[PDB]
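Student: I am attaching a structure below and will ask some questions about it afterwards.
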Amino acid sequence: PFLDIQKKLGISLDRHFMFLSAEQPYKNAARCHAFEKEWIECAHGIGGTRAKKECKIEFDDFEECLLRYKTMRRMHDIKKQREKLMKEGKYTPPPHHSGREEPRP
Amino acid sequence: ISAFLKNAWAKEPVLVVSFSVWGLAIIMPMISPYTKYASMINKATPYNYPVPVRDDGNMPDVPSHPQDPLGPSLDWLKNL
Amino acid sequence: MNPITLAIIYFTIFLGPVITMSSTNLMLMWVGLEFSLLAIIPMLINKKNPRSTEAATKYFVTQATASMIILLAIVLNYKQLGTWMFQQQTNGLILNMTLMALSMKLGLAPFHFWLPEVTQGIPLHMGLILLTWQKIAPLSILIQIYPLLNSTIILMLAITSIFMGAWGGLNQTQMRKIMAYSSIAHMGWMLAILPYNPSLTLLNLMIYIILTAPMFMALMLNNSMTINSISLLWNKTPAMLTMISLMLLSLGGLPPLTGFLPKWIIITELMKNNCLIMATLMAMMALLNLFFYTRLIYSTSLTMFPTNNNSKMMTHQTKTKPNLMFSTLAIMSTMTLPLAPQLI
Amino acid sequence: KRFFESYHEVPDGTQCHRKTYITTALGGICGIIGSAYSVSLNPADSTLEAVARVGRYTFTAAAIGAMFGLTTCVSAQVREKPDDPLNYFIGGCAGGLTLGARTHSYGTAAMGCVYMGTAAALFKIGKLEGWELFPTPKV
Amino acid sequence: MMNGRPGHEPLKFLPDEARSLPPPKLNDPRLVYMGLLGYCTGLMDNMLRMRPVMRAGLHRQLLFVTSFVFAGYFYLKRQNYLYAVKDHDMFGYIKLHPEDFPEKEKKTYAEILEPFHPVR
Amino acid sequence: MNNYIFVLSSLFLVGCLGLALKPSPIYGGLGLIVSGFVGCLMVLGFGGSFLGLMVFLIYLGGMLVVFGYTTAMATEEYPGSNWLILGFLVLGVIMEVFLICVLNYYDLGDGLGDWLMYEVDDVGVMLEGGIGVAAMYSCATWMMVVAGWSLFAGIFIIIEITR
Amino acid sequence: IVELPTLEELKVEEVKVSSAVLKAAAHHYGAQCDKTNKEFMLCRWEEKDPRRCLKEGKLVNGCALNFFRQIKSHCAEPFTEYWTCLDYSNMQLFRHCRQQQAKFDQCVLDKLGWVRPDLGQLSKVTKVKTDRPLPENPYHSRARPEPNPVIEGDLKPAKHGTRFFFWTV
Amino acid sequence: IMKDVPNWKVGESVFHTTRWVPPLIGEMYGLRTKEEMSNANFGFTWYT
Amino acid sequence: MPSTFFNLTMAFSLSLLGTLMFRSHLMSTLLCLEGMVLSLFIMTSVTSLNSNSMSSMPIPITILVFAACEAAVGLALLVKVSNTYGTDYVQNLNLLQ
Amino acid sequence: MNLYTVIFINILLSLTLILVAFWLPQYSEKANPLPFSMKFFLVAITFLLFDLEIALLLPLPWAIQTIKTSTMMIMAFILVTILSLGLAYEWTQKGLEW
Ligand SMILES: CCCCCCCCCCCCCCCCCC(=O)OC[C@H](COP(=O)(O)OCCN)OC(=O)CCCCCCCCCCCCCCCCC
């Protein structure tokens, strides 16, 4: 950073734990460990100004591994559809909703 | 100095103990035959699953089977 | 102060900025800011005069809420990017918060009200630390994040500060507050070039430190918090009248002295980046700052104000000397201009 | 915001109505902000007194906004020359005069006229010459 | 700016690469200035402390003229490097990205026709 | 329910609105002690037994209690009827509903679905907060040292201020 | 459509025996049915996808049922008395059903030739040879961008010197 | 069922990697009985 | 969470409006100030918990430890004020004008 | 849940018992019934700077089982000690003294 007394001294008191893909205790990988990796091994050697346009696929994905919002919109839409159809009985609670269907190990 | 501890053991007989056990606990680990095992008995516990490595034939030690004579055998933790 | 306490505090006031600068995990940057807040408050109330408690209670509330806002920015980032640190992707509002917050701790522009008042109730000494070793920390955080901050806001806070600082200074007669106001102004120039060339911020700061540190140790040599008080400098200690004159004109941008370089290269960098609108208005009111600097010049040097008879008594007694730092920081400051190319 | 910008889109001197409306709003907005700072600091004595001050500042500012807009647009209309700093100066000239009146001072009108008009003229030039304000770092 | 450059020494003063550059001549006007800048600091000190201005602290005067100068050679040695890096960096880019910095042909005045505004 | 968290979140805002109307120094302390209870509960909802209880143990009874304590010693002069504040507070109680309402019709929404415990190992152990907080002693031993100095130099800062 | 195996495919005979009996016959289930279970893991951790190793999964669900099937014919009654006490606890400790353990181990030491492992002989990482081709580009990582080019050469005193304002330097 | 109106592609993974997104609790049981969502989302916290 | 994370954030803004709009007693402010630290602590803990990011749980607590002392300093200033004026009203803190 | 039920039942019992208390019964001036304890405040923030101490000492139960056991020991001892030295300073400061 402003004064890199850490790299110089070789110590790493503040770097080992800055991202979700850092070593998690007992090797319990966090959500998205896959993406963030893919989005920081990409932006390594390429500065930010160019980690912001071409390495946009990996952030657009990592922005949806963690926010997980585009999913919501899908699911929420699906939800509404069911509702309308169901009200007119167009759609019926699936066998799953009816339960059973052989819940298995 | 040695006879100053004698009133501090007669009167004030608390802080003596608190600075005699504060420390005792700093020297017991550095001088005990069994302090090595605490980072080892705590290192043996397989909390998560041991992922097996693919065989190449270039690995003699890696014990092929759970019951091979090879590998981390703890006849130590037993009767530690 | 039990010398032990003095050490713990001073260490914290010094570990405070240093952790901020060294760390990259923003969190660790926040606690560096937090320590500085905790360490400075004890020293501020050393006299424990009724004015002092007011000073600290203001400084603390202003510092504390800003600290909480900076933490909120870090907490929000943590959810927009798992990282604990600002990145290209950071939501713009996330960064703007950090600018406002950090511009409160540094006291720039529309948040410039606390500084003049705390500079008025603290001793001259703790005044220096509160003005110059407490600006290093927040600025570090900004300079690190410069690529990402907004050019518009900074400029507005920059211009505002320049104006507020200048206008405020014109009326003030208390020295501590004249300096507080100058610092607001210089702090403004510094934050103007941050988005464009951070390296110049670090020059417009050092020069400010090499200018203000001699200026304050001058104010306290005779411990004068009044211009009337500094005006009788000619009787109390005549030699410092010459350099006090040049350092104050150096603090303003007049060309032969070292003080021109920061303004000159900041203007050169802003014109290189095309802000010939902004740069022009800043330079113009920058000229207002020199007016109040020269008004003080008038009272202290160019004209000799009348003195009390007891001043002869203080002359008799040997005057405790000014530390060496005064000289080395007065000359390196009043005249290094011939060596500008290597400074930048 | 697509609104304020509209002021610039249509050629100057044309559609004065829109111009005056937009200019009046900006002044008024500034009025509110200005009154706010004026009330937050240097507070009033009674809520009503302060509501009044907000009104006073808002209207005065709205007025300077209107006359600026109206004068500049019309000056251009009557003069038929759309692109001319002078149009704006006359406008700024007028705007200052309104401020002067609201403050009941001929002198203020003096400084107001010159300073305000000059500023507005520079805005016109700025737009004509494509001057960039608050520019992004392009080094 | 120049930070983030490949190979950057994270906390070093002047990387050995700066050995390649010529050393600053000890009498470089600048170092000589720093000397005078220093002597003056010394003289000033004597003055503020009310001592015979020139005839006092003749040991200090030396510490000053010799501290400032010492500092200079090792600073200038660096600032010189920094500037030298700037060219290495600048010139290189001009080439690696040649098209963006294309050589231009300037028509002899014979060809170009700048208009003539008469003073009259 | 599924809106296990929302409801609570709403209660947390209510308590913060109470602290924001700046009610009498100790009547609002209660307010904090209420939303601290509420925030203690939410974290528990997500499985942070330790982190959660921690709040109920330190901020709740340690920090807050000491706060009111001092209120009693000073700044509990208990000289606007809080009832007026409760009146306003009630306004906000539903005024916030208004803020939510716009986005309510706009609608995530319909209470709270699977917007909690996103991913949990359906098998496995050692997955539990307090294993993470105990990284103060392995792989995150710098946060531990700096916290020490805070509290440690805290002693010296407080006494010096008090003296 | 994201590939999602047909439910029909997923159909496999299943263990369907409560956790208690699994916990009883586990240490023998680590001795036997290990080559068939580790290769699943060795696919599972290499090939990070449950839509590809389902092959070896059906094998695991197979060798296990094999394990018990022998125990059901061979030495079933003493096995029933073992987990029938072990499931009485609230955490199914071996610490209590320790007499039922040897009575089942000697019944299984004689018949079927099995010997229960020693203490630490299921925590070692065995090396399992398999044929599954190495899953390259796991994570389907789109090609990375190239590093910025490297200006090259040696430093030469700067050109014409600091090019500052009239500082001929 | 539930999807015969326009502009819908069944199984439209929202990511681009095509790697195995470990399904989220929500997507796994959500559209299923109100009981399942809790039993997955609150079964352990509620005890034993 | 996305929904809730909003409530906590507005809680912090409602606590923000509180500390930036004083009224009489200071102890109210300091109290409000603390309302933010709770909201920050809750939000930091919440996201860390649903990101399964255990490496970061240290922070939720470091935030509290620093915030507690911060408040300790704040209250000592407060006690200092109602020892010099004895009424702790932000109203009398105006000597510095 | 169960915990909810219990804690809630525990409340209802408490409330009822005060409900009955103010209603079963069914003027006379019957109702008719200070300086700062600086010492107290001190004691209070002494407790704040120590309660937080515990909060940083509660991880021990789960850190004892860390691989770097040697590290935990070291890290802990310092905390307990630096906090004892603080208390000790208070002692000398006589802050502890009432
Ligand atoms: C680029 C040019 C910039 C401008 C240069 C010229 C202006 C220099 C700055 C002057 C600023 C102060 C003006 C008013 C000074 C008043 C001094 C005074 O009142 O006299 C007392 C003072 C101290 O007295 P003391 O030395 O103790 O003994 C006498 C006791 N009555 O007596 C003294 O202070 C004596 C020492 C005074 C300082 C001597 C400075 C001589 C002039 C320096 C010129 C430098 C020119 C450089 C040109 C560069 C060209 C590139």
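Residue numbering restarts at 1 for every chain of the structure tokens, chains are lettered A, B, ... in their displayed order, and ligands are numbered from 1 as they appear.
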Any residue with an atom at most 7 Å from ligand 1 counts, using only C-alpha atoms and all ligand atoms. Which are they? Put them as a ChimeraX atom specification.
Tutor: /C:234,238-239,241-243,245-246,256,301-302 /E:47,50
Student: Show which residues sit within 8 Å of residue 81 (chain I), as a VMD selection string. Count only C-alpha atoms, and ignore same-chain residues fewer than 6 positions away.
Tutor: (chain C and resid 53 to 54) or (chain I and resid 87 to 88)
Student: Could you name the residues that touch residue 143 (chain G) at 12 Å or less, counting only C-alpha atoms, but leaving out those on the same chain fewer than 4 positions away, as a list in words?
Tutor: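 Residues meeting the cut-off are residues 38, 39, 41, 42, 43, 54, 55, 57 and 58 of chain A; 137 and 139 of chain G; 17 of chain H.
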Student: Contacts of residue 306 (chain C) at 10 Å or less, counting only C-alpha atoms, minus same-chain residues fewer than 3 places along, as a ChimeraX atom specification?
Tutor: /C:228,231-232,234-235,303,309
Student: For the selection just defined, write its residues with N, CA, C and O atoms to a file, as an mmCIF file, in the first residue's frame.
Tutor:
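And here's part.cif as it stands now:
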```
data_model
loop_
_atom_site.group_PDB
_atom_site.id
_atom_site.type_symbol
_atom_site.label_atom_id
_atom_site.label_comp_id
_atom_site.auth_asym_id
_atom_site.auth_seq_id
_atom_site.Cartn_x
_atom_site.Cartn_y
_atom_site.Cartn_z
ATOM 1 N N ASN C 228 -1.290 40.170 17.791
ATOM 2 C CA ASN C 228 -0.763 41.284 18.616
ATOM 3 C C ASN C 228 0.406 40.594 19.323
ATOM 4 O O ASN C 228 1.499 41.181 19.380
ATOM 5 N N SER C 231 3.254 40.042 17.031
ATOM 6 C CA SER C 231 3.734 41.368 16.552
ATOM 7 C C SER C 231 4.864 41.914 17.430
ATOM 8 O O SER C 231 5.701 42.662 16.900
ATOM 9 N N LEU C 232 4.895 41.555 18.715
ATOM 10 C CA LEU C 232 5.928 42.091 19.644
ATOM 11 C C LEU C 232 7.167 41.134 19.538
ATOM 12 O O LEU C 232 8.074 41.128 20.388
ATOM 13 N N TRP C 234 9.450 41.338 17.475
ATOM 14 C CA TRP C 234 10.678 42.170 17.344
ATOM 15 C C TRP C 234 11.426 42.423 18.657
ATOM 16 O O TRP C 234 12.668 42.493 18.619
ATOM 17 N N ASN C 235 10.700 42.538 19.771
ATOM 18 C CA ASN C 235 11.330 42.731 21.104
ATOM 19 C C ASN C 235 11.710 41.381 21.722
ATOM 20 O O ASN C 235 12.850 41.263 22.200
ATOM 21 N N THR C 303 6.011 46.325 10.026
ATOM 22 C CA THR C 303 5.690 47.458 10.928
ATOM 23 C C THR C 303 5.932 47.012 12.370
ATOM 24 O O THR C 303 5.706 45.820 12.663
ATOM 25 N N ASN C 309 6.138 47.532 28.900
ATOM 26 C CA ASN C 309 7.439 47.691 29.614
ATOM 27 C C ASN C 309 8.028 46.382 30.146
ATOM 28 O O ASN C 309 9.265 46.256 30.155
#
```
Student: Using only C-alpha atoms, which protein or nucleic acid residues come within 10 Å of region 88-93 of chain G? Drop anything in the same chain fewer than 5 positions from it, and give the result as a PyMOL selection string.
Tutor: chain G and resi 19-20+23-24+83+98
Student: Taking the chain letters and numbering used in this document, name the residues of region 2-147 of chain F that DSSP puts in alpha helix (DSSP H), as an MDAnalysis selection string.
Tutor: chainID F and resid 5:20 25:45 49:58 64:73 82:106 141:147
Student: Would you give me, as an NGL selection string, the residues of chain H that come within 9 Å of chain J, using only C-alpha atoms?
Tutor: :H and (45-47)
